[PDB]
Amino acid sequence: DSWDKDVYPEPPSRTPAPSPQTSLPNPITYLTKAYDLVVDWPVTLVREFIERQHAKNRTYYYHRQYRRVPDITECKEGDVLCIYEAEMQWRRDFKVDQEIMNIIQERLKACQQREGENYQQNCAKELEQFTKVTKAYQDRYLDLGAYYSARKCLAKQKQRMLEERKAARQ
Amino acid sequence: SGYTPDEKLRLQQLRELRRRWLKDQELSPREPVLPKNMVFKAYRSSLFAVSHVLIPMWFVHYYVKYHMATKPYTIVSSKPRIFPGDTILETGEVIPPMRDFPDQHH
Amino acid sequence: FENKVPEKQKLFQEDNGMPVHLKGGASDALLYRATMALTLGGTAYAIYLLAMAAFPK
Amino acid sequence: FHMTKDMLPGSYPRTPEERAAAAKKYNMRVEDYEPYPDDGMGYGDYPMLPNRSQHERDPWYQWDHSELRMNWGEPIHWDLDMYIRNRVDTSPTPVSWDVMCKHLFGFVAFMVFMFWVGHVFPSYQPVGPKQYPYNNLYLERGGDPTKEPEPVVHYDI
Amino acid sequence: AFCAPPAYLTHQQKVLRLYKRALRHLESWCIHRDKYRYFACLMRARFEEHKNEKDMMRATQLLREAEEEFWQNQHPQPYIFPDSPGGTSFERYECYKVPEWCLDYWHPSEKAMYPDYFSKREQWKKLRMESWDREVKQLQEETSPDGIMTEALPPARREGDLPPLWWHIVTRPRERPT
Amino acid sequence: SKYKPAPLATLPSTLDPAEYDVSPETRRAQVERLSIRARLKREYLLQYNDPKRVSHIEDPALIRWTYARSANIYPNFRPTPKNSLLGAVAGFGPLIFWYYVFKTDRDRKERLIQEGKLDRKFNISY
Amino acid sequence: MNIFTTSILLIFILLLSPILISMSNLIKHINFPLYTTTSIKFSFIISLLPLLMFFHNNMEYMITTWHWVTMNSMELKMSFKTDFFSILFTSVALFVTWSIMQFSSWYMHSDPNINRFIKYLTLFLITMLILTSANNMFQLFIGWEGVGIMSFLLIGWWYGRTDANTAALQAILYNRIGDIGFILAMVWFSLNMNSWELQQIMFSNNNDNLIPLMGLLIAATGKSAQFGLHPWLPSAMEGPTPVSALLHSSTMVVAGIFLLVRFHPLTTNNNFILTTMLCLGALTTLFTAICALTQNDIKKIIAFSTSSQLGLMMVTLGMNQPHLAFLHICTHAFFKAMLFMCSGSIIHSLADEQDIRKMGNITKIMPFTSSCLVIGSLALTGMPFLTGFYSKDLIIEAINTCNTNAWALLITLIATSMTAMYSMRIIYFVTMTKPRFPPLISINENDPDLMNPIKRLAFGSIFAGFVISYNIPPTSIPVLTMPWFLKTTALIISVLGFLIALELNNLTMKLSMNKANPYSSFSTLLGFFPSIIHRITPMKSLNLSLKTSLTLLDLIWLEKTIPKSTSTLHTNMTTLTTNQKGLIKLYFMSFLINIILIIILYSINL
Ligand SMILES: CCCCCCCCCCCCCCCCCC(=O)OC[C@H](COP(=O)(O)OCCN)OC(=O)CCCCCCCCCCCCCCCCC
Ligand SMILES: CCCCCCCCCCCCCCCCCC(=O)OC[C@H](COP(=O)(O)OCCN)OC(=O)CCCCCCCCCCCCCCCCC
């Protein structure tokens, strides 16, 4: 498994012990034992064959990282070089934030499906996290337009700072 | 009124040519000129199950384990029902029972 | 209020074999059916109630 | 092809000679041919065929255009693409159109009125509300665990 | 279907059409066979007792009154035969009545799949050519220079001749082609 | 107790009063109507049953109907008060009405966003 | 956790297999209808397996098989929400489709496109299973539209029939109005909760959802053919009988009701929505039963029976009882598949004779089909301890003993009594009295491909409600402490409906003609809704189109306004500027006044 519980949290499963009160056999258990023996064994055998071929031909790939160029706040206007660099940085951070919101939404969906009819109570922390990241995303990225830009985001953030500063006066 | 003699003679000629056309619509015995059964349970219901069911089962079970469970939130299920008096297989505690049921009328 | 008795009379001398208490069409047939189902349905309710009074709880 | 302006449709007819020429062009009799009124809607000399759909035509007749139920060379209605058999029907009905409108509107209005009557006079059972424990399920409906709700207390009877 | 309608319907034709339509709506109302037979005998008696009319203006008035009564008392959903227009099975196999001229456009492989049938088809086409020339001459001769003209067609008036415009009647597709 | 027709429910040809009061002029009018119908049917039947025909039968009725419905309208159009009023209302009135409803809706939305009484729940992708 | 997903995806793969076989150029060598029938029965077994698994552990499943596209915070993934509704409807639909496929293999013989017919039926089953098991609203809409288009094709199967083409087009129209409602709901959900995901819908339960529930109600009305959008289903009976059965009896008709069952947690928090669904369902079941009392085509009668029971389900969703509605969905699928299949056997052996006025003596002449028709009719009316007793009776119990509309209650009871009445009309005019068919006897119902599916559907219509209802996990607590006139109400109204319609049929047997009345005219002419609406709406729409849009704007007024006015202005001005006389005296006069004008303009400019 390529995923981890640090970013995809999951409570441990608590299955109950089987207690057959009736004397009839369980067709579910009979069919799953037969299905295991006829299907799961050849599938896992060919999978270990494929994985040992992978181990014979093992290759590695790396996750690319980008250093932090100075932001658009210290970019002179009209100097399109640093503005372009900061704009590409802003676009990359925008895509990262989009995938962050996707991760949070997937976590919320998993919480709801896992809890079922207890989702109103047990998913309070997940819904609170979704609400917080939703409010932050709305405050940083909403209403930018189709041509969203680092300059437009900076203008929106400056307007928000001015209005909250005027609200902080009284 | 009935048939005029113009239409009466015409129709019998059109009907007569209609029988000739429909007779020609028949096929000669050579038409068209084209260029291990066992029983149903032993054979007919057997190879279908091992080809159209068993082989696609292998490909599906390959996909749902080595390409679905390896993904984070593909197969997510609700928690199973836990009643008092049950024992958890994973952790190992016993859920305590209920109270005394003061009403035992029925 | 006009006179429609003589037209209503000729809806009562049809020699079709339909009796006098059903000769008024289908409406009196439905009234017949409803009163036949509800006197008997009342009667079975009365006999059941008399039996329930005769055999107390 | 061989289609020319003299038998192609043209301007609005004024003289009786021009009306007769238009009728001959459209393969109609002079008295049967009647153009649209000259109100400048672009109809021209095209005849005012009666506004009847193609369902009125005899279905047992072997029409030249069997789907359209029309012959060959007879004038085409201006609204044939309305009056084809896949579309608007003008056929006579066993009951009158005003009678159908009145009955349908009366049924709809009657049902609406009695639904309002049943809404203002609802029917129920001689019971109280549904009894629920734990402050009417405060925690399970998504209540705040920190904020203590008003104690909803229920009693036996 | 096989006979073209005339210019106008005669009074006798209209009376017979009304009689047949009234009997059809009578059986649609009656459903049961004995009831239909009784009321059909009654309607036949009504037509018979209005049959011997001499004024003919009162006969047209009686026809108009009978049409008004029929339109008032007609069944909203009358019985229709499945092959009749408006029926359930009407025009059902028009998707299967393929015209005969695609057999010309068939490939030589599909030509060789049915040899004897295509030989008979070629014989029919040759007969069609010769009879077409002869019947064009016949229809040119038979047409009146002026006067009244009906949709009916003349027959073949000499030996070895086919009736004019016979092709779309003789070679029409079967009503149950499959 | 009389059938009342409509443009969408026409009166039956067996119930019209124009047939029972029939005249010799009307009878002969139907006679030449049948004559023209038969002449056109004969011409189409000859063209249909010609075996030397290698193409579709052209239809002058279809050609005339298509030209009347496509190309004759602007040559035969004359501006009147009535069609000018109808064209003006049918080209402007819906536009003005939809402009007014959209402007009030968007003004209400923008004012509610500005002074804060409209809360966006999870609108993050607009 | 692997066998379950493997079984679901194997159901989908076994459904997809005959389509690839049809495109794989070996249909000319194999027996395609038998092959597809075996595929459907194996899919039914592999759907019976998770039915047993869910009956054991009651686990709710969500399987995200493929990731389609990711666009910012909206991530469209192909997922299946395998629930109680999904599993039970998959099993019921697969069993019904197995029966209908075997029946159609018997029925549509001497038809060269039988392989295309079976392929179309299989494609419809694939789209219906996609719609049933879909997890997000985009896949829900994929299944919805696949259902709609396959219904279009299967109604217009006989493309040489103008009536069939017209009925298919109007089915497309009413389904498209439902699609507009569904699109409104989908758009609102994407705008407000960033996803079409049902888990986020569950998290959307806690606010005002009036607009998306109104859109879902419009979608359900359009799909299930309620009042206002009803007549496309009796029009949709124009196609073949197996199409009528499978399409418009078991699967398509319950799709909007299934959608509202899916959105029942949102539905439970909106009293306005619950009240208007209760009213709409009661009105449509009363209206459709009213039509069915005097319909004479047997397929039309059972179509209106289907629509009236859909109104009953619509009422059942009108209260907070979605699981009862789904139970009635299963029982109704069984009943109408069986009834339609029996009527199709009647029609085929009576040589395409479809109306009940040319039938009779069917009890003596077709004992098997008469027995099964009686079984289906009794189970539809609510004969106790049959399959319909475990849903219809509880629906009657809930409407009698919960706080709802009084008029809706009254017309629902009247609709149930009239359901018994029109089932009596079917039984009388088909299975009873004297024969009325043409004399030539062509009855042969001894073919096994006809005989076996009716047996299987009879076993279903006897035992399926029993087995399912005692395997249902206990949800939506019913009430039981109630007096007798509310308890046996369904039995009393069914019995009196049977007896009233029996007496009325005896009156029709009695030798007397009666004057027709506007009540029977209204019922026979479908409430005048098809004639009136289907004439007044297309005529005004197409008249507005041609006589305003095309003509008045494009061919007249835009053409007069921009291009021809520009051309007229330039032509008039070029005539004015080139209307020269060619006289050098006038030219030099022009030059002189040009010189004078230049002097004056220079003098005033300075
Ligand atoms: C208690 C509360 C009660 C509330 C009640 C509410 C009622 C709401 C009703 C909403 C829908 C009303 C309009 C429905 C129009 C349906 C038209 C239709 O189906 O036409 C089909 C018709 C042919 O059908 P027909 O002749 O009947 O059958 C064949 C018999 N030989 O004709 C044709 O096939 C002609 C071909 C089509 C022509 C073009 C049609 C375009 C329509 C565009 C409509 C745009 C606006 C839609 C608005 C929807 C609003 C919901
Ligand atoms: C809702 C939006 C509203 C706002 C947008 C409105 C504008 C939309 C775009 C404008 C479109 C204009 C189209 C002009 C071409 C159409 C007219 C045309 O082609 O007329 C043909 C006619 C000559 O006909 P001809 O072919 O010789 O004869 C028929 C067969 N022999 O031609 C003539 O008789 C003369 C044609 C003259 C040339 C026309 C093209 C050039 C026009 C130049 C306009 C200059 C305007 C500014 C002038 C100065 C300020 C007043």
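Per the header: electron microscopy, 3.6 Å.
For all residues, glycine too, the Cβ spot is worked out from N, Cα and C.
According to Swiss-Prot, the protein has these features:
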TRANSMEM  G:3-23  transmembrane segment
TRANSMEM  G:35-55  transmembrane segment
TRANSMEM  G:140-160  transmembrane segment
TRANSMEM  G:210-230  transmembrane segment
TRANSMEM  G:241-261  transmembrane segment
TRANSMEM  G:272-292  transmembrane segment
TRANSMEM  G:301-320  transmembrane segment
TRANSMEM  G:324-344  transmembrane segment
TRANSMEM  G:365-385  transmembrane segment
TRANSMEM  G:405-427  transmembrane segment
TRANSMEM  G:457-477  transmembrane segment
TRANSMEM  G:586-606  transmembrane segment
Proximity verdict for the transmembrane segment (G:272-292) and the transmembrane segment (G:210-230), three or more C-beta pairs under 8 Å: yes
Remote residues contacting the transmembrane segment (G:301-320) - C-beta distance under 8 A, at least 6 residues beyond either end: 220, 224-226, 230, 233-234, 236-237, 244, 248-249, 253-254, 257, 260-261, 264, 267-268, 274-275, 277-286, 288-289, 291-292, 295, 328-329, 332, 336, 339-340, 343, 356, 380, 392, 395, 398-399, 402, 404, 408, 412, 415-416, 419, 422-423, 425-426, 476
For the transmembrane segment (G:210-230), distant same-chain residues with Cβ under 8 A (at least six beyond the ends): 144, 174-186, 188-189, 252-257, 259-260, 263, 266-267, 270, 272-273, 276-277, 280-281, 283-284, 287-288, 307, 310-311, 313-314, 529
Positions on the same chain near the transmembrane segment (G:35-55), where near means CB under 8 A and six or more residues out: 3-4, 7-8, 10-11, 14-15, 17-18, 21, 82, 84, 87-88, 90-91, 94-95, 97-98, 101-102, 105, 118-119, 121-122, 125, 471
Remote residues contacting the transmembrane segment (G:405-427) - C-beta distance under 8 A, at least 6 residues beyond either end: 275, 278-279, 281-283, 285-286, 289-290, 292-293, 295, 298, 301-302, 304-305, 308-309, 311-312, 315, 318, 356, 373-374, 377-378, 380-382, 392, 396, 399, 489-490, 493-498, 500-502, 505
Intrachain neighbours beyond the transmembrane segment (G:3-23), with Cβ under 8 angstroms and 6 or more residues off its ends: 30, 32, 35-36, 39, 42-43, 46-47, 49-50, 53, 59, 61, 63, 65, 80, 82, 90, 94, 115, 118-119, 122-123, 125-126, 129, 133
Tertiary contacts of the transmembrane segment (G:324-344) (same chain, 6+ residues out, Cβ under 8 Å): 84-85, 88-89, 92-93, 96, 99-100, 103, 107, 241-242, 244-246, 249-251, 254, 257-258, 260-261, 298-299, 302, 305-306, 309, 312-313, 316-317, 369, 372-373, 375-377, 379-380, 387-388, 390-392, 394-395, 398, 453-454, 457-458, 460-461, 464-465, 468-469, 472, 476
